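Working notes for the structure below.
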Protein chains: 4
Amino acid sequence: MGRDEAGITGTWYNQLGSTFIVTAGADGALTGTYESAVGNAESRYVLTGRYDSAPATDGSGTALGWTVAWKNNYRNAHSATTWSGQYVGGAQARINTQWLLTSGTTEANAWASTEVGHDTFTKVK
Amino acid sequence: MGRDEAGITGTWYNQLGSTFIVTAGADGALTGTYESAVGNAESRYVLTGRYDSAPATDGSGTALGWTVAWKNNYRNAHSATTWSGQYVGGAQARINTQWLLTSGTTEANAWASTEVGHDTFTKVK
Amino acid sequence: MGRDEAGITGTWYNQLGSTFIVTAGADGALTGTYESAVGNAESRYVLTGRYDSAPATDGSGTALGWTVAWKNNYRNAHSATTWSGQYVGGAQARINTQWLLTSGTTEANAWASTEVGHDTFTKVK
Amino acid sequence: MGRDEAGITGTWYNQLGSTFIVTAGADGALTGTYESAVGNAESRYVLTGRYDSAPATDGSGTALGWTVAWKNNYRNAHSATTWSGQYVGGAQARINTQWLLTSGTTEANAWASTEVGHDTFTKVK
Ligand SMILES: O=C(CCCC[C@@H]1SC[C@@H]2NC(=O)N[C@@H]21)NCCCCCN(Cc1ccccn1)Cc1ccccn1
Ligand SMILES: O=C(CCCC[C@@H]1SC[C@@H]2NC(=O)N[C@@H]21)NCCCCCN(Cc1ccccn1)Cc1ccccn1
Ligand SMILES: O=C(CCCC[C@@H]1SC[C@@H]2NC(=O)N[C@@H]21)NCCCCCN(Cc1ccccn1)Cc1ccccn1
Ligand SMILES: O=C(CCCC[C@@H]1SC[C@@H]2NC(=O)N[C@@H]21)NCCCCCN(Cc1ccccn1)Cc1ccccn1
Ligand SMILES: [Fe+3]
Ligand SMILES: [Fe+3]
Ligand SMILES: [Fe+3]
Ligand SMILES: [Fe+3]
Ligand SMILES: [Fe+3]
């Protein structure tokens, strides 16, 4: 199995109250759904990503990332967010991320297409 | 089909000489391989991502993102990059992105875990 | 007198244990020193920046930013960090930032020149 | 004098048509004005920043950064941009930057407070 396949798989919550449900595959795949508590979003959206399935054994975290395009059967916000971060295991497991949210824009507005932020996910709350 | 399924699917090159080979699915999926011309990387890596399969019809671009974890059969750089951006169609089609590259780190180096940059992909190298 | 001139001026600490000493001028200037608890840094470095001296009155925060170039009489890390963020007043006043740390690099390494992160500053600890 | 004091001082233009007028001081100071061709901006705004006044001699660029708060006598966009980057000298001198644009927001919208982008400045056009 991947080293943190079991630790990453499951339900995660971030500081905004969003819910990140993910399955880690033994080869590096991430698949799941994301539900945002904020923004132009309702219900669940497909996500897909990748993770390092053989991380360093020196106490380092486990690099990973995933993408949501904000289109589902309810809404289309013409945008996509990618989260890039690392998983840290243990009693208070965390996924610490930074993210890039790009909107489809006209060429005149493309300088302002992308927001950046940071989300921390925990297995509780 | 996704509105830009045909325009996104194929081989792309960025300004560093990296090669991004992608298939866009009608529902929003992106799958393919990435080969970086720079960094701790050799040969192809799996990528997965998502795109807006029903973008605005007002001349706006098409939001999308994808992830590579930098582990393959040759190397493991204990890191993952996510690209977030928009596809702009037409005779000089482009995918304009910004990206976040996170390494697995110890908690002491985690403040320095993530680089940020920008890549532009075209259909011609 | 800037609206938050009095609230911003003083000593601030972030989650890494770094110390940010700043004076806010009535026109929008920020001047002070920064001492980082981490990285290739020792003792204090000059900082300068700007803040919105007439913020919105609707409960919004106060936008601001500043720069440190990591050269002083002790060390030169050939890099500079800019923090961009907002000040939020009140009993638990905070400056919430994201930052970009760029190193001087060769053109071959320039794709990897810049790290991104987030710091939260408070008046205590 | 700073090593690139003479090369940095002067008028610069980015890809959007904005105009950056700056004086570099021998100790590391940057002072000047910024005029944006885009966004909620009119005429010139104060800027201040810092640069590495003793960069590496191995052909590396020169790290620097600066801030604009988007308030002047004409408009107040309740926001600030910081540019972080490096100066590269020579016949086609360039300042290559990434930037963070933070607006003052309510706490409910703070997740969306910050845009990120990249500007390249040249001495011509
Ligand atoms: O909303 C969506 C889809 C849902 C995304 C959820 C994000 S994903 C990272 C995170 N993690 C989570 O769990 N949830 C959030 N797309 C469109 C975004 C357009 C950006 C528009 N505005 C923000 C804004 C919000 C409210 C009122 C006004 N303006 C950008 C902006 C930036 C700076 C200054 C001003 N405005
Ligand atoms: O290399 C990889 C896997 C490949 C990624 C390729 C990227 S993906 C975005 C892009 N698009 C492309 O096509 N290719 C590139 N991971 C490890 C990254 C560790 C970062 C270490 N150093 C950079 C460095 C380079 C050379 C010598 C020394 N240090 C970070 C850093 C930040 C600032 C200052 C100094 N160092
Ligand atoms: O250190 C300085 C001056 C001090 C800055 C302090 C920052 S300012 C934002 C913050 N807030 C604070 O208060 N303090 C910190 N410049 C040089 C930066 C070189 C980056 C090299 N490496 C990081 C690293 C650390 C340890 C061992 C190896 N490599 C980049 C990198 C990126 C990703 C993956 C790997 N490496
Ligand atoms: O404008 C200013 C002051 C001037 C700044 C100039 C920047 S400084 C980096 C650069 N370099 C330059 O030279 N010029 C630009 N502040 C307020 C920003 C509010 C953001 C609102 N919007 C963008 C937007 C524009 C038009 C219509 C709609 N939305 C954010 C957004 C983001 C993502 C998706 C959707 N909306
Ligand atoms: Fe907007
Ligand atoms: Fe490093
Ligand atoms: Fe490095
Ligand atoms: Fe907005
Ligand atoms: Fe908006």
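One-based numbering along the chain as shown.
From the backbone N, Cα and C atoms, a Cβ is placed for every residue, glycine too.
Some features that Swiss-Prot has for this protein:
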type: BINDING; residues: D:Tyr34, D:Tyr45, D:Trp83, D:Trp99, D:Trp111; note: biotin binding site
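Feature list (source: the PDB entry):
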type: SEQADV; residues: D:1-4; note: expression tag
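Known features from Swiss-Prot, placed on the structure.
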residue	record	contacts (Cβ under 8 Å, 6+ apart)
D:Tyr34	biotin binding site	D:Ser18, D:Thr19, D:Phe20, D:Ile21, D:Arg44, D:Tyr45, D:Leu47, D:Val68
D:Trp83	biotin binding site	D:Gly49, D:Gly65, D:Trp66, D:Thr67, D:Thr97, D:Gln98, D:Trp99, D:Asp119
D:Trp111	biotin binding site	none
Positions whose Cβ lies under 8 angstroms from the expression tag (D:1-4), at least six residues beyond its ends: 24-28, 51, 53-55, 62, 87, 89
Among D:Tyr34, D:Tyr45, D:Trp83, D:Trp99, D:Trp111 (the binding-site residues), residues with Cβ under 8 Å to chain A, listed in sequence order: D:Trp111
Conformational class of D:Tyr34 (biotin binding site) under the three-state DSSP mapping: strand
Cβ neighbours of D:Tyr45 (biotin binding site) where a neighbour is any other Cβ within 10 Å: 25
Cα-Cα distance maximum in Å, computed over every pair in D:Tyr34, D:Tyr45, D:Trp83, D:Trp99, D:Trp111 that the record assigns to biotin: 27
